[PDB]
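Trainee: Sending over a structure as structure tokens; questions will come in a sec.
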Amino acid sequence: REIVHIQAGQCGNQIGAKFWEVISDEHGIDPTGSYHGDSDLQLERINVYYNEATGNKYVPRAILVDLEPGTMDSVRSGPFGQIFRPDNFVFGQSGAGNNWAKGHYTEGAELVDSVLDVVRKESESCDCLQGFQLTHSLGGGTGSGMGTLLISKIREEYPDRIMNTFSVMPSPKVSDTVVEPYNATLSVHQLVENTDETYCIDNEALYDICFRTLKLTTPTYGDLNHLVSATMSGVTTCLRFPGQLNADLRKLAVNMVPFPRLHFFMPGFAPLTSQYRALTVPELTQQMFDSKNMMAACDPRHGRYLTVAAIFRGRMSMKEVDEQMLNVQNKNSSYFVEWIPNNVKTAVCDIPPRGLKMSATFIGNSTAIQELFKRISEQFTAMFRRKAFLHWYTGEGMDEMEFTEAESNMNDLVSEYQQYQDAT
Amino acid sequence: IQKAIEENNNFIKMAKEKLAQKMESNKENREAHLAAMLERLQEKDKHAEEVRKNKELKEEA
Ligand SMILES: Nc1nc2c(ncn2[C@@H]2O[C@H](COP(=O)(O)OP(=O)(O)O)[C@@H](O)[C@H]2O)c(=O)[nH]1
Ligand SMILES: [Ca+2]
Ligand SMILES: [Ca+2]
Ligand SMILES: [Mg+2]
């Protein structure tokens with residue numbers, strides 16, 4: 001079941017490069033694309049993310065997109081630069097200037113057809129494509145605007161294929177420009193309409209984890225992307241390794257999304273790294289459900305869990321795991337809805353990640369994700385009520401009306417979450 | 001996108017129009033000032049011609 005990967009913009013490309021590094025390591029592929037691992041469990045599900053090339057080299061089914069060549073210069077030079085198919089570097093020369101309008105309407109539109117050509121030529125070589133995954137930020141212009149435009153186009157061309165995203169939310173504590181709430185607000189609406197699952201990675205949470213928990217006084221984007229790549233590896237673990245259930249993207253989405261618009265997930269990971277202590281299953285579960293281990297800066301106790309999936313990795317006792325999970329639930333059971341019976345599920349992968357003997361990845365569909373959207377909305381409004389900086393967008397053809405619509409759709413989305421938080 | 005193009009073109013057009021109008025108006029104004037000053041000097045020459053003509057009408061007396 002093949003997956004097509006797309007990474008757009010600076011943040012998108014950086015996080016995608018780290019993800020490919022991580023999973024290439026896990027699958028035993030070296031930077032040249034040659035396999036040098038030590039198990040066939042590494043290969044049984046390797047066609048999901050890699051094409052088999054001449055000489056039986058393995059090449060990621062990844063399309064790299066940017067409106068400027070910088071980050072893709074670095075990527076093509078970096079650790080795993082030479083593994084990406086050269087044709088799949090699709091770039092422009094100008095940039096998007098952290099402007100959603102430039103990425104979605106002006107500069108991006110000039111290149112979206114070129115990108116879709118590579119998307120198509122990758123899809124044709126798929127025995128049965130199960131869907132797409134995109135990595136991008138919502139606070140910039142290329143990732144944000146052009147990736148949402150690409151998602152719209154892909155839905156047009158592949159209306160019946162799963163579209164999932166790892167989307168990095170902006171946060172003032174780690175910020176590049178002040179117009180991030182605008183871009184984010186306009187992107188989120190797009191996602192609400194055009195993604196089956198969006199894993200909300202909040203840089204606020206990443207920074208707070210790297211500072212308060214890993215005790216890193218001056219976190220760089222690399223330190224946050226370490227966590228993001230760990231989570232991305234965890235989320236996709238069940239599809240990349242053979243010991244697991246039989247579910248494509250569509251089945252997992254079907255069981256994790258009770259309502260179409262409420263498909264924004266809170267990722268989580270444990271333990272947090274940047275040690276040799278063997279971590280125990282009870283500690284894994286407790287940390288995994290701890291808010292301090294989660295990538296979205298929301299308090300799960302201010303909301304309720306619609307569905308929960310946990311992927312443990314490592315050699316552990318499934319009996320102990322499943323006792324500890326049942327502990328953490330039956331104990332704190334006021335934060336799980338009673339109208340979705342048995343909404344917590346757990347998988348255990350006999351293969352661990354690298355550096356860690358036991359890890360747990362947390363995917364939670366919680367109504368507490370509100371707290372992120374209201375945050376963004378507040379920032380949005382705090383500027384939009386004075387039309388502040390709107391000239392950046394009006395100069396590229398946008399009308400205030402559109403900003404008002406984007407504000408309203410997200411305030412609606414917040415309200416929908418409130419509706420399912422009170423239901424009994 | 002077409003609205004963005006339309007506004008860029010509109011800005012260029014009105015920049016050009018207002019500048020052309022300004023330069024035309026300035027040329028007209030400076031030309032009028034010079035012309036007035038030149039005609040004033042000519043009328044001055046005239047008064048000069050008149051008085052010098054007058055000198056000839058008293059010597060014949
Ligand atoms: N996690 C993470 N976030 C980033 C990184 N670089 C930028 N961002 C965030 O994304 C926004 C900038 O988006 P950018 O990557 O420039 O995409 P573009 O502007 O569309 O090219 C900023 O608001 C940052 O908070 C990164 O390396 N890692
Ligand atoms: Ca151009
Ligand atoms: Ca074409
Ligand atoms: Mg940037």
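Residue numbering restarts at 1 for every chain of the structure tokens, chains are lettered A, B, ... in their displayed order, and ligands are numbered from 1 as they appear.
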Counting only C-alpha atoms, collect the residues of chain B whose closest atom lies at most 7 Å from chain A, and write them out as a compact mmCIF listing (two decimals) with C-alpha atoms, in the first residue's frame.
Mentor:
# COMPACT_ATOMS: atom_id res chain seq x y z
CA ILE B 1 -4.63 36.91 -9.14
CA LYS B 3 -7.33 41.58 -9.29
CA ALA B 4 -3.72 41.81 -8.11
Trainee: 10 Å from ligand 2 is the threshold here; counting only C-alpha atoms and all ligand atoms, which polymer residues fall inside it? Answer as a list in words.
Mentor: residues 92, 93, 94, 106, 107, 108 and 110 of chain A
Trainee: List all protein, DNA and RNA residues that have an atom no more than 10 Å from any atom of ligand 4, counting only C-alpha atoms and all ligand atoms, and report them as a ChimeraX atom specification.
Mentor: /A:9-11,71,96-98,137,139-143,175-177
Trainee: Write out as a ChimeraX atom specification each polymer residue (protein, DNA or RNA) that has an atom no more than 8 Å from ligand 3, with only C-alpha atoms and all ligand atoms counted.
Mentor: /A:113-114,117
Trainee: Could you tell me how far CA of residue 19 (chain A) sits from CA of residue 77 (chain A), in Å to one decimal place?
Mentor: 16.1 Å
Trainee: Could you please extract the residues within 9 Å of ligand 1, counting only C-alpha atoms and all ligand atoms, and hand them back as a VMD selection string?
Mentor: chain A and resid 8 to 15 66 to 68 71 95 to 100 103 136 to 147 168 to 181 184 201 to 204 206 to 207 220 to 225 228
Trainee: Given the choices A:135, A:286, A:379, A:370, which gets closest to residue 419 (chain A) if the distance is worked out from only C-alpha atoms?
Mentor: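 That would be A:370, the residue with the smallest distance to residue 419 (chain A).
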Trainee: Expressed in Å to a single decimal, how great is the separation between CA of residue 3 (chain A) and CA of residue 61 (chain A)?
Mentor: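 Interatomic distance, CA of residue 3 (chain A) to CA of residue 61 (chain A): 7.2 Å.
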Trainee: Just to confirm, what's the straight-line distance from CA of residue 401 (chain A) to CA of residue 372 (chain A) in Å (one decimal)?
Mentor: 23.5 Å
Trainee: Write out as a ChimeraX atom specification which residues come within 12 Å of residue 319 (chain A) when counting only C-alpha atoms, dropping same-chain ones fewer than 2 positions away.
Mentor: /A:281-282,316-317,321-326,346-348
Trainee: Can I get the selected residues back with N, CA and C atoms, as a short mmCIF file (atom, residue, chain, number, x, y, z; two decimals), in the first residue's frame?
Mentor:
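result-v9.cif, written as the output of this step:
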data_model
loop_
_atom_site.label_atom_id
_atom_site.label_comp_id
_atom_site.auth_asym_id
_atom_site.auth_seq_id
_atom_site.Cartn_x
_atom_site.Cartn_y
_atom_site.Cartn_z
N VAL A 281 7.05 0.15 31.66
CA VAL A 281 5.75 0.35 31.02
C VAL A 281 4.86 1.31 31.79
N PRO A 282 4.72 1.19 33.12
CA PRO A 282 3.88 2.17 33.84
C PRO A 282 4.34 3.60 33.63
N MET A 316 8.48 -5.50 25.29
CA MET A 316 7.83 -5.38 26.56
C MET A 316 6.70 -6.38 26.64
N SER A 317 6.16 -6.52 27.83
CA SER A 317 5.06 -7.45 28.11
C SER A 317 3.74 -6.78 27.76
N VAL A 321 1.61 -3.80 29.56
CA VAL A 321 1.17 -2.62 28.82
C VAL A 321 -0.32 -2.44 28.96
N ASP A 322 -1.07 -3.53 28.81
CA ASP A 322 -2.49 -3.42 28.59
C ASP A 322 -3.16 -3.24 29.95
N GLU A 323 -2.56 -3.80 31.01
CA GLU A 323 -2.94 -3.45 32.38
C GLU A 323 -2.71 -1.98 32.69
N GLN A 324 -1.56 -1.43 32.29
CA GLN A 324 -1.26 -0.03 32.61
C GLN A 324 -2.15 0.92 31.81
N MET A 325 -2.44 0.60 30.56
CA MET A 325 -3.38 1.40 29.78
C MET A 325 -4.75 1.39 30.45
N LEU A 326 -5.22 0.20 30.81
CA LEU A 326 -6.53 0.09 31.46
C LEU A 326 -6.53 0.82 32.78
N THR A 346 -4.51 0.23 21.62
CA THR A 346 -3.07 0.17 21.85
C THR A 346 -2.44 -0.87 20.94
N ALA A 347 -1.36 -0.49 20.27
CA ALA A 347 -0.54 -1.39 19.49
C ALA A 347 0.86 -1.43 20.10
N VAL A 348 1.51 -2.59 20.00
CA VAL A 348 2.88 -2.76 20.46
C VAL A 348 3.70 -3.28 19.29
#
Trainee: Can you pull out every residue from region 50-117 of chain A that DSSP, working from the backbone, puts in strand (DSSP E), and format the result as a list in words?
Mentor: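 Taking region 50-117 of chain A and keeping strand (DSSP E) gives residues 50, 51, 52, 58, 59, 60, 62, 63, 64, 65, 66, 89, 90 and 91 of chain A.
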Trainee: Output C-alpha atoms for every residue in the selection just made, as a short mmCIF file (atom, residue, chain, number, x, y, z; two decimals), in the first residue's frame.
Mentor:
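Final file, out-v2.cif:
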data_model
loop_
_atom_site.label_atom_id
_atom_site.label_comp_id
_atom_site.auth_asym_id
_atom_site.auth_seq_id
_atom_site.Cartn_x
_atom_site.Cartn_y
_atom_site.Cartn_z
CA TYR A 50 10.21 3.63 -0.91
CA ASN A 51 10.28 2.79 -4.61
CA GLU A 52 12.55 -0.04 -5.77
CA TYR A 58 15.39 2.27 -2.52
CA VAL A 59 14.24 5.81 -3.28
CA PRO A 60 11.75 7.70 -1.06
CA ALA A 62 8.84 11.96 -1.62
CA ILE A 63 8.24 15.21 -3.49
CA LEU A 64 10.17 18.24 -2.24
CA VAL A 65 8.55 21.64 -2.82
CA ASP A 66 9.68 25.20 -2.09
CA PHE A 89 13.09 18.63 -6.26
CA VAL A 90 10.56 21.17 -7.58
CA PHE A 91 11.45 24.76 -6.75
#
